[PDB]
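In what follows, a single structure is set out as structure tokens and then discussed.
The figures here come from the full heavy-atom set of this structure, side chains too, leaving out hydrogens, waters and symmetry mates. Here is the naming used below: chain letters follow the sequence lines, and residue numbers restart at 1 for every chain.
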There are 2 protein chains.
Amino acid sequence: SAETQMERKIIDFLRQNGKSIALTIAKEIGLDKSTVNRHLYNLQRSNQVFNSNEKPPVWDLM
Amino acid sequence: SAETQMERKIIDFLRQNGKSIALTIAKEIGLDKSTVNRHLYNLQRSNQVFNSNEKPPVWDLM
DNA sequence: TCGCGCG
DNA sequence: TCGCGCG
Ligand SMILES: [Mn+2]
Ligand SMILES: [Mn+2]
């Protein structure tokens with residue numbers, strides 16, 4: 001699905017750029033912050049990423 | 001302002017109907033839930049309403 | 001001590 | 001144990 005494909009792009013972004021906050025990932029994938037966050041939290045449910053518990057949270061690959 | 005006027009309508013709604021959750025107020029004022037909540041929390045800052053700490057919160061007049 | 005992803 | 005108002 002297109003959501004899966006968007007998630008793949010987010011994973012590629014983190015692989016290429018290292019740990020990142022949502023606002024940065026959103027600017028590069030070119031999606032609004034809420035949409036990026038929807039994907040980041042699904043990716044966390046699916047054990048592909050984790051967040052740092054900072055505010056703002058820092059995201060990276062599992 | 002129009003925001004003030006919207007807030008007045010929400011207050012009138014609570015005066016006429018008694019304590020209410022946001023979803024109910026939204027349906028009657030005919031505004032989306034987020035907009036109603038924006039107003040309810042401003043009205044709380046301005047000491048005109050309070051919420052019950054229930055989930056969903058129940059709102060009423062101070 | 002805004003974290004918010006919420007369907 | 002969705003509370004979400006967020007500018
Ligand atoms: Mn908080
Ligand atoms: Mn909670």
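- One atom, CZ of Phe50(A), and another, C1' of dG5(C), lie 18 Å apart when rounded to the nearest Å.
- Taking the side chain to side chain donor-acceptor pair (under 3.5 Å) definition, one finds that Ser52(B) meets it with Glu54(B), sequence neighbours left out.
- The CD-P distance, from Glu3(B) to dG5(D), rounds to 15 Å in whole Å.
- Taking atom CD on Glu7(B) and atom P on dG5(D), their separation rounds to 15 Å, with Å as the unit.
- Of the listed nucleotides (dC6(C), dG3(C), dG5(D)), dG3(C) has the atom at the smallest distance from the side chain of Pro57(A).
- An OP1 or OP2 oxygen of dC4(C) is reached within less than 4.0 angstrom by no side-chain nitrogen or oxygen of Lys55(A).
- The separation between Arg38(A) atom CZ and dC4(C) atom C1' is 14 Å, rounded to whole Å.
- Spacing between atom CD of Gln44(A) and atom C1' of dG5(C) amounts to 9 Å, rounded to whole angstrom units.
- Of the N and O atoms on the side chains of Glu3(A) and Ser1(A), not one donor lies less than 3.5 Å from an acceptor on the other residue.
- As a whole-Å value, the separation of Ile21(A) CD1 from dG3(C) P is 8 Å.
- A 4.5 Å side-chain heavy-atom check between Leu43(B) and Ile10(B) finds at least one atom pair inside the cut-off.
- The phosphate of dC6(C) has neither OP1 nor OP2 within less than 4.0 Å of any side-chain N or O from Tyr41(A).
- Distance CG (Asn37(B)) to P (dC4(C)): 18 Å, rounded to an integer number of Å.
- Annotation: ring pair (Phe, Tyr, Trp, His ring centres under 6.0 Å) contacts involving residues 28-58 of chain A, sequence neighbours excluded, comprise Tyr41(A)-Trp59(A).
- Taking atom CD of residue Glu54(B) and atom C1' of nucleotide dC2(D), one finds them 15 Å apart after rounding to whole Å.
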